[PDB]
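Q: experimental structure below, sequence on top.
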Amino acid sequence: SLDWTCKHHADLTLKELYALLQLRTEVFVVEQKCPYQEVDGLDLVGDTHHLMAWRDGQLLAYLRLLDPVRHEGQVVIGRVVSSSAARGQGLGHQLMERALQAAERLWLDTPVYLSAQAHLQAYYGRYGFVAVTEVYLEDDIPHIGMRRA
(Lines give C-alpha, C1' and ligand atoms only; values in the text may rest on other atoms or scores of the structure.)
Protein backbone atom coordinates (compact mmCIF):
# COMPACT_ATOMS: atom_id res chain seq x y z
CA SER A 1 0.00 0.00 0.00
CA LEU A 2 1.45 3.35 -1.12
CA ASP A 3 0.51 6.94 -1.93
CA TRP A 4 1.19 7.67 -5.58
CA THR A 5 1.75 11.12 -7.01
CA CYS A 6 2.59 12.48 -10.46
CA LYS A 7 3.59 16.11 -10.39
CA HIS A 8 4.76 18.70 -12.86
CA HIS A 9 8.23 19.89 -11.86
CA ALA A 10 6.96 23.42 -11.24
CA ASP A 11 4.86 22.01 -8.39
CA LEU A 12 7.58 20.09 -6.57
CA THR A 13 8.29 21.00 -2.94
CA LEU A 14 11.90 21.36 -1.74
CA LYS A 15 11.43 18.15 0.29
CA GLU A 16 10.27 16.11 -2.74
CA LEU A 17 13.00 17.31 -5.14
CA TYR A 18 15.56 16.51 -2.51
CA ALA A 19 13.96 13.11 -1.88
CA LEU A 20 13.81 12.05 -5.51
CA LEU A 21 17.40 13.16 -6.16
CA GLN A 22 18.51 11.35 -3.05
CA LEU A 23 16.86 8.08 -4.11
CA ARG A 24 18.27 8.38 -7.62
CA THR A 25 21.77 9.00 -6.32
CA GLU A 26 21.54 6.15 -3.85
CA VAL A 27 20.73 3.67 -6.61
CA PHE A 28 22.33 4.95 -9.85
CA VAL A 29 25.40 6.49 -8.22
CA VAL A 30 26.12 4.57 -5.02
CA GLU A 31 24.83 1.03 -5.16
CA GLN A 32 25.64 0.91 -8.88
CA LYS A 33 29.07 2.50 -8.32
CA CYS A 34 28.64 5.00 -11.11
CA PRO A 35 30.12 8.47 -10.51
CA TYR A 36 28.09 10.18 -13.19
CA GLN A 37 26.09 13.43 -13.21
CA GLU A 38 22.78 12.43 -11.70
CA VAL A 39 21.55 16.05 -11.55
CA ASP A 40 21.43 16.30 -15.33
CA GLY A 41 19.42 19.48 -15.86
CA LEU A 42 16.32 17.82 -17.35
CA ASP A 43 14.47 17.82 -14.04
CA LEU A 44 13.15 21.39 -13.88
CA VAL A 45 12.41 22.28 -17.52
CA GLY A 46 9.47 22.26 -19.92
CA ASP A 47 6.86 19.83 -18.64
CA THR A 48 9.06 17.16 -17.09
CA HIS A 49 6.88 15.20 -14.67
CA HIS A 50 7.86 13.19 -11.61
CA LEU A 51 6.05 10.00 -10.58
CA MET A 52 6.52 9.13 -6.93
CA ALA A 53 5.32 6.39 -4.59
CA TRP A 54 5.54 7.19 -0.87
CA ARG A 55 5.16 5.19 2.37
CA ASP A 56 5.61 6.60 5.88
CA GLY A 57 7.76 9.59 4.91
CA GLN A 58 9.99 7.46 2.64
CA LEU A 59 10.14 7.65 -1.18
CA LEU A 60 10.22 4.01 -2.29
CA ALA A 61 9.80 4.26 -6.05
CA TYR A 62 10.30 6.91 -8.68
CA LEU A 63 10.41 7.53 -12.41
CA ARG A 64 10.74 10.63 -14.56
CA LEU A 65 8.74 11.66 -17.62
CA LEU A 66 10.31 14.09 -20.14
CA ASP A 67 7.83 16.00 -22.38
CA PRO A 68 7.65 15.39 -26.16
CA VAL A 69 8.21 18.88 -27.59
CA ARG A 70 11.60 18.92 -25.84
CA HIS A 71 12.34 15.41 -27.11
CA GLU A 72 11.70 15.20 -30.84
CA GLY A 73 8.10 13.97 -30.50
CA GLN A 74 8.46 11.11 -28.01
CA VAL A 75 7.64 11.09 -24.28
CA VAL A 76 10.82 9.89 -22.57
CA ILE A 77 10.64 7.63 -19.52
CA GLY A 78 13.82 7.40 -17.45
CA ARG A 79 15.44 7.29 -14.01
CA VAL A 80 13.26 4.27 -13.21
CA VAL A 81 14.14 3.29 -9.65
CA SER A 82 12.81 1.52 -6.59
CA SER A 83 14.37 1.46 -3.12
CA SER A 84 16.42 -1.68 -2.48
CA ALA A 85 14.40 -2.40 0.67
CA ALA A 86 11.11 -2.47 -1.24
CA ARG A 87 12.25 -4.66 -4.13
CA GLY A 88 10.98 -7.93 -5.51
CA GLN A 89 7.42 -6.91 -4.69
CA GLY A 90 6.50 -5.80 -8.20
CA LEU A 91 7.02 -2.04 -7.83
CA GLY A 92 8.49 -2.15 -11.31
CA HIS A 93 5.15 -3.20 -12.79
CA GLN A 94 3.28 -0.53 -10.79
CA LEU A 95 5.68 2.15 -12.02
CA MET A 96 5.44 1.14 -15.66
CA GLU A 97 1.65 0.92 -15.41
CA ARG A 98 1.25 4.39 -13.93
CA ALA A 99 3.89 5.86 -16.22
CA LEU A 100 2.07 4.64 -19.32
CA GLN A 101 -1.17 6.02 -17.89
CA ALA A 102 0.45 9.36 -17.11
CA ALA A 103 1.94 9.65 -20.62
CA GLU A 104 -1.49 8.84 -22.05
CA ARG A 105 -3.16 11.46 -19.85
CA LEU A 106 -0.54 14.17 -20.52
CA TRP A 107 0.49 13.52 -24.11
CA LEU A 108 -2.30 11.36 -25.52
CA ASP A 109 -1.24 9.30 -28.54
CA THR A 110 2.41 10.31 -28.21
CA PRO A 111 4.75 7.31 -28.45
CA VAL A 112 6.88 6.54 -25.39
CA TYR A 113 10.65 6.06 -25.46
CA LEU A 114 13.10 4.63 -22.95
CA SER A 115 16.70 3.53 -22.79
CA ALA A 116 16.59 -0.03 -21.49
CA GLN A 117 19.41 -2.19 -20.24
CA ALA A 118 20.38 -4.51 -23.09
CA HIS A 119 19.26 -7.60 -21.16
CA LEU A 120 15.82 -6.72 -19.74
CA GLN A 121 14.83 -6.14 -23.36
CA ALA A 122 12.05 -8.77 -23.26
CA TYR A 123 10.61 -7.31 -20.07
CA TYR A 124 9.68 -4.11 -21.91
CA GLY A 125 8.71 -5.86 -25.11
CA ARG A 126 5.79 -7.18 -23.07
CA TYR A 127 4.72 -3.61 -22.43
CA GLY A 128 4.74 -3.15 -26.16
CA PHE A 129 8.18 -1.64 -26.53
CA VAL A 130 10.28 -2.58 -29.58
CA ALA A 131 14.01 -2.05 -30.21
CA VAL A 132 14.89 1.13 -32.14
CA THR A 133 18.67 1.46 -31.82
CA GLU A 134 21.71 -0.79 -31.92
CA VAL A 135 23.14 -1.59 -28.47
CA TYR A 136 25.26 1.17 -26.93
CA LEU A 137 27.12 1.70 -23.67
CA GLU A 138 26.10 3.49 -20.48
CA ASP A 139 28.65 3.20 -17.63
CA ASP A 140 29.95 0.27 -19.66
CA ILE A 141 26.53 -1.39 -19.30
CA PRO A 142 24.84 -2.38 -22.56
CA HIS A 143 21.59 -0.50 -23.24
CA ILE A 144 19.21 -0.32 -26.15
CA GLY A 145 16.62 2.29 -27.01
CA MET A 146 13.06 1.06 -27.27
CA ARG A 147 9.83 2.82 -28.16
CA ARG A 148 6.22 1.89 -27.64
CA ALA A 149 3.45 2.44 -30.22
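A: Right, received. Where do you want to start? Numbering: from 1, shown residues only.
Q: could you point out which element follows the longest helix along the chain?
A: Counting residues, the longest helix found in the chain (DSSP state H) is helix 91-107. Beyond helix 91-107 on the C-terminal side, the first helix or strand identified by DSSP states H and E is strand 112-117.
Q: now do that following strand and helix 91-107, the angle between them.
A: Interaxial angle, strand 112-117 versus helix 91-107 (axes from the mean of the first three to the mean of the last three Cα atoms, to 10 degrees): 150 degrees.
Q: quick check: next helix or strand after strand 112-117?
A: Strand 112-117 is succeeded, C-terminally, by helix 121-125 (DSSP H and E).
Q: and that next one, how far out from the chain middle?
A: 15 Å (Cα atoms, centre = their mean, to the nearest Å).
Q: ok, stretch 95-113 next?
A: How far stretch 95-113 lies from its chain's middle: 12 Å, per Cα atoms, centre = their mean.
Q: hmm, who's touching it?
A: Under the contact criterion Cβ atoms under 8 Å, 6 or more residues apart in numbering, stretch 95-113 has outside partners 4, 6, 47, 49, 51, 53, 61-63, 65, 67-68, 71, 73-77, 80, 82, 127, 129, 132, 145-149. All C-beta atoms are positioned from the backbone trio N, CA, C, and that covers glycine.
Q: please identify the buried residues of that stretch?
A: 95-96, 98-100, 102-103, 106-107, 110-113 (16 or more other Cβ atoms under 10 Å).
Q: all strands for this protein, in order.
A: With strands called from DSSP state E, the chain shows them at 3-8, 49-55, 58-66, 75-82, 112-117, 129-131, 136-138, 141-148.
Q: counting contacts, what elements does the longest one pack onto?
A: Using 3 or more Cβ pairs under 8 Å, 6 or more residues apart in numbering; DSSP states H and E as the contact definition, the elements that strand 58-66 packs against are helix 14-24, strand 49-55, strand 75-82, helix 91-107.
Q: which residues touch residue 65?
A: If a contact means Cβ under 8 Å, 6+ apart, then residue 65 has 6, 48-51, 75-77, 99, 102-103, 106 as its contacts.
Q: pull the number of nearby residues for residue 90.
A: 10 (other Cβ atoms under 10 Å).
Q: and the buried residues of stretch 95-113, which is closest to residue 22?
A: residue 95 (17.6 Å; Cβ to Cβ).
Q: just send the strands of the chain back as JSON lines, with distance to residue 90 too.
A: What follows is the strands of the chain, written out as JSON lines (distance: least, Cβ to Cβ, whole Å):
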{"stretch": "strand 3-8", "distance to residue 90": "14"}
{"stretch": "strand 49-55", "distance to residue 90": "12"}
{"stretch": "strand 58-66", "distance to residue 90": "10"}
{"stretch": "strand 75-82", "distance to residue 90": "10"}
{"stretch": "strand 112-117", "distance to residue 90": "18"}
{"stretch": "strand 129-131", "distance to residue 90": "18"}
{"stretch": "strand 136-138", "distance to residue 90": "25"}
{"stretch": "strand 141-148", "distance to residue 90": "20"}
